[PDB]
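Shown next, in structure tokens, is the structure this report addresses.
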Amino acid sequence: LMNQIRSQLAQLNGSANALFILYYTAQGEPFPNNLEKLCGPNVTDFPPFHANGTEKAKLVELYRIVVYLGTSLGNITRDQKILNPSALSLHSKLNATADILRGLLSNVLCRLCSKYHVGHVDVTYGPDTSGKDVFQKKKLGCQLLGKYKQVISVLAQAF
């Protein structure tokens, strides 16, 4: 099992950066000429993560991240369907990633509730960005994807 997540974590990374470009690409003006300014990893309260922690703790965080991630993604997808109904290479990767993330949840969770004794886990989902101005919905959706690619690469070097 600890090898399957090592693997999902793997793929994810294989397509993280790629998905990020797909998003900022579909946004069109003015994201491509102002990327480092609106797509910079900046997710405020993004699940914390320490690398030197007992394998058990690193799963608690991974879990709370993957949940704050998948949730954050779903929002991006419900928003892109209306915003860029044509961006399909993107509409797909979005789901494509959501799926893979779902598996990691049940896996990191099975290693938790199982040998280890965790049972419940508290996370407090992130923000429910929806009442903001469209430009905001796109920027954050972009900021999340950037941070995702920025920390996911860090997550693979720890399991």
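Residues in the structure tokens are named by chain (A, B, ... in the order shown) and by number from 1 within that chain; ligands are numbered from 1 in the order shown.
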### Task
Mind checking which residues fall within 9 Å of residue 142 (chain A), counting only C-alpha atoms, ignoring those fewer than 2 positions away in the same chain, and posting them as a PyMOL selection string?
chain A and resi 20+23-24+31+35+38-41+76+137-140+144-147
### Task
Quick one: everything within 9 Å of region 58-65 of chain A, counting only C-alpha atoms, minus sequence neighbours fewer than 6 positions away in the same chain. Send it as a list in words.
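With the cut-off at 9 Å, the set is residues 46, 47, 48, 49, 50, 51, 52, 104, 105, 108, 109, 111, 112, 118, 121, 122, 123, 124, 125, 155, 158 and 159 of chain A.
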Selection from above, C-alpha atoms, as a PDB file, in the first residue's frame, can you write it?
```
ATOM      1  CA  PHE A  46      -3.111  25.787   2.511  1.00  0.00           C
ATOM      2  CA  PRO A  47      -2.658  22.623   4.631  1.00  0.00           C
ATOM      3  CA  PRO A  48       0.733  22.812   6.395  1.00  0.00           C
ATOM      4  CA  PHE A  49       3.378  20.190   5.746  1.00  0.00           C
ATOM      5  CA  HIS A  50       6.558  19.140   7.446  1.00  0.00           C
ATOM      6  CA  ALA A  51       9.004  16.703   5.904  1.00  0.00           C
ATOM      7  CA  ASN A  52      10.830  15.356   8.964  1.00  0.00           C
ATOM      8  CA  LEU A 104      -4.851   8.697  -2.524  1.00  0.00           C
ATOM      9  CA  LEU A 105      -7.444   9.668   0.002  1.00  0.00           C
ATOM     10  CA  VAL A 108      -3.614   7.273   3.024  1.00  0.00           C
ATOM     11  CA  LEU A 109      -6.816   6.763   4.955  1.00  0.00           C
ATOM     12  CA  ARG A 111      -3.027   3.236   6.234  1.00  0.00           C
ATOM     13  CA  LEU A 112      -4.419   5.524   8.907  1.00  0.00           C
ATOM     14  CA  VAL A 118      -6.206   7.017  13.669  1.00  0.00           C
ATOM     15  CA  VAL A 121      -9.114  12.916  11.198  1.00  0.00           C
ATOM     16  CA  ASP A 122      -9.918  16.603  11.449  1.00  0.00           C
ATOM     17  CA  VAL A 123      -9.295  18.956   8.552  1.00  0.00           C
ATOM     18  CA  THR A 124     -11.740  21.857   8.165  1.00  0.00           C
ATOM     19  CA  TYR A 125     -12.168  22.232   4.421  1.00  0.00           C
ATOM     20  CA  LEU A 155       5.467  15.522  -1.151  1.00  0.00           C
ATOM     21  CA  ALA A 158       9.053  12.246   1.510  1.00  0.00           C
ATOM     22  CA  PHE A 159       7.260   8.935   1.101  1.00  0.00           C
TER      23      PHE A 159
END
```
### Task
Tell me, in Å to one decimal, how far CA of residue 71 (chain A) is from CA of residue 141 (chain A).
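Result for CA of residue 71 (chain A) versus CA of residue 141 (chain A): 11.5 Å, one decimal.
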### Query
Any idea what the distance is between CA of residue 75 (chain A) and CA of residue 25 (chain A)?
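So the two atoms, CA of residue 75 (chain A) and CA of residue 25 (chain A), lie 18.0 Å apart.
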### Task
List every residue of chain A that DSSP, applied to the backbone of this structure, assigns to helix (DSSP H, G or I), and report them as a ChimeraX atom specification.
/A:2-27,35-38,55-83,88-113,134-156
### Task
Find the residue from A:56, A:27, A:156, A:33 that sits nearest to residue 113 (chain A); use only C-alpha atoms when measuring.
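With only C-alpha atoms as the atom set, the closest residue is A:56.
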### Message
One number please: CA of residue 94 (chain A) to CA of residue 55 (chain A), in Å, one decimal.
### Response
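Between CA of residue 94 (chain A) and CA of residue 55 (chain A) the gap is 28.9 Å.
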